[PDB]
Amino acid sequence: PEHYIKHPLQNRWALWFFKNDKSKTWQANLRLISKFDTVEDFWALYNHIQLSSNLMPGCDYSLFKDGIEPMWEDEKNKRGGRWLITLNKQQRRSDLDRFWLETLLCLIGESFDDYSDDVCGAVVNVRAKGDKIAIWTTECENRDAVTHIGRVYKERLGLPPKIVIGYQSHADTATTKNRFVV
């Protein structure tokens, strides 16, 4: 069996792409690229697409559990929020791709113990003013789930204790105080 079976992931995941085009609404600029649910199909896709540091400014990638769209309006995001990593311009070269890859593996590897069910997906924003990576969770009030995801994420990224990252509710973003910090 092991000799020929692809390795199943715990979840099926959908990778999304967003391109800034002022001719269109934000939702119209969001498109599903493809879905995968094995280790082998994940690397097949990853090795096929541009590194985030090579995208034109204004684009996003999003990796979400199959059935969750990468938007606040989704039932599983409306009451949640995101752990936000704010990159400076120099970190596009030094950290963006490796942070984004680590985040991808954090999602597909289900790295948050028995809180990885609280994870919806992750988003990388390539921006002229400063790139962002975020993990999105489903309930901005599950203090225990959110804080655990945050501490595990900060350490899997390798961020030093001299860095503080914040958790922002989509409800506040969609109208920017942090509700949690680790």
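Each form is matched to the other, and the largest set of C-alpha atoms that superpose within 1.5 Å is called the rigid core. Counting begins at 1, following the sequence as shown.
Take 24-32 and 114-122, fit the other structures onto the shown form by the rigid core, and average the C-alpha distances in 8 other deposited structures of this protein: the farther stretch is 24-32.
Farther from the shown form on average, by C-alpha root mean square after a core fit in 8 other deposited structures of this protein, is 84-92, of the stretches 67-75 and 84-92. In the other compared entries of this protein that model both flanking residues, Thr176 lacks coordinates in at least a third of them.
In the deposited entry, the stretch joining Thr175 to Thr176 is interrupted by 4 to 9 residues of the deposited sequence lacking coordinates. Looking at 143-151 and 118-126 together, the entry lists the larger mean B-factor for 143-151, computed on C-alpha atoms. When 23-31 is weighed against 59-67, 23-31 comes out higher, by mean CA B-factor as recorded in the entry. Placement of the Cα temperature factor of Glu110 within the chain: highest third of the modelled residues, per the deposited record. The PDB entry assigns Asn77 a C-alpha temperature factor belonging to the lowest third of its chain's modelled residues. For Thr86, the recorded CA B-factor ranks within the middle third of the chain. Only modelled residues enter the ranking.
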